[PDB]
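Participant:
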Amino acid sequence: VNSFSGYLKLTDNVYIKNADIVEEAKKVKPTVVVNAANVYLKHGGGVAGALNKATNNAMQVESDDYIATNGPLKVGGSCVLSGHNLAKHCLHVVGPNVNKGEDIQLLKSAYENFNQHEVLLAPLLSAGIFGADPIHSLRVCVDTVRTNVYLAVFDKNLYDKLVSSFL
Ligand SMILES: O=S1(=O)CCC[C@@H](Nc2ncnc3[nH]ccc23)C1
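In the deposited numbering, the protein residues as written are 3 to 169.
1. Note down, in chain order, each residue of its chain lying with its Cβ closer than 8 Å to the Cβ of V96, except the 5 sequence neighbours on either side.
2. On the premise that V34 lies in contact with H91, defined as a C-beta separation below 8 Å, what is that separation, rounded to the nearest angstrom?
3. Kindly indicate the opening and closing residues of the alpha helix (DSSP H) around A124.
4. Any idea if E26 is buried or exposed, counting beta-carbon neighbours within 10 angstroms, 16 or more meaning buried?
5. Kindly indicate the opening and closing residues of the beta strand (DSSP E) around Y152.
6. Measure the beta-carbon distance from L122 to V151 and round it to whole angstroms, keeping in mind my assumption that it falls under 8 Å.
7. How many angstroms separate the CA atom of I18 from the CA atom of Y68?
8. Pop quiz: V16 and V147 are said to be a contact at Cβ under 8 Å. What is the actual Cβ separation, rounded to whole angstroms?
9. Mark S166 as exposed unless 16 or more other C-beta atoms lie within 10 angstroms of its C-beta, in which case mark it buried.
10. Tell me whether residue 189 sits in a helix, a strand or coil according to DSSP, three-state version.
11. Where does the unbroken beta strand (DSSP E) through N101 begin, and where does it stop?
12. Using three-state DSSP, classify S128 as helix, strand or coil.
13. Which ranges does the beta strand (DSSP E) cover as unbroken runs of at least 3 residues, wholly within the stretch 20-86, from first to last along the chain?
14. Opposite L93 in the DSSP bridges: which residues?
15. For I18, which residues does DSSP report across the bridge?
16. Quick one: grab the DSSP three-state call for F168.
17. With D145 as the anchor, note down where its alpha helix (DSSP H) starts and where it stops.
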């Protein structure tokens, strides 16, 4: 039993809710919140901008030190950093950005990072400003993640469509 509430169960291991991931993180304090990161960990907008703002920019400060030491992530890759006031840990995962021309097949590689964590609160990778089709992102998620994932979808209209079209 865990503290996630109000989610629709899609499969054995994938759950979905119309929620603001920032508000959900602050209420649940999950072990892991996933950030929709870019390779530079520049958390300017979308989910990343919102998570970073909720940490009062502490996420960005930590991220800048990470990059200065380690260099950029790979598209499809991830790193574990602090969750600050939102979670124990933040798993920064880089899905492909269609608006940069990145290969969509890398979306499966991006979701494979979730399998290193038993339970996660997450957004749909490569959705929103990353330009992929969220219905496709949900399909890849369900077909790739085997650990327990709680998906937060900010837009109610999109949430209803994802549910209504889910096979
Ligand atoms: O274009 S996006 O930002 C790309 C990443 C996922 C979507 N965003 C969110 N999803 C869930 N909670 C959120 N709180 C603030 C933004 C947000 C759309």
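Just so it is clear, CB atoms sit at the ideal spot from N, CA and C, and this is done for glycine as well.
Facilitator: For this structure:
1. Cβ neighbours of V96 within its own chain (closer than 8 Å, five residues either side excluded): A39, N40, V41, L75, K76, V77, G78, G79, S80, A112.
2. 5 Å
3. Per DSSP, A124 is not a residue of any alpha helix (DSSP H); the beta strand (DSSP E) it occupies stretches across 121-124.
4. That one is buried.
5. 150-155
6. Confirmed, about 5 Å.
7. 31 Å
8. 7 Å
9. exposed
10. The structure shown does not extend to residue 189, since the chain spans only 3 to 169, so no value can be given for it.
11. No beta strand (DSSP E) contains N101, which DSSP labels as neither H nor E.
12. In the structure shown, the three-state DSSP call for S128 is coil.
13. 34-38, 80-84
14. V36, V82
15. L10, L153
16. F168 sits in coil when the DSSP states are folded into three classes, being neither helix nor strand.
17. 136-146
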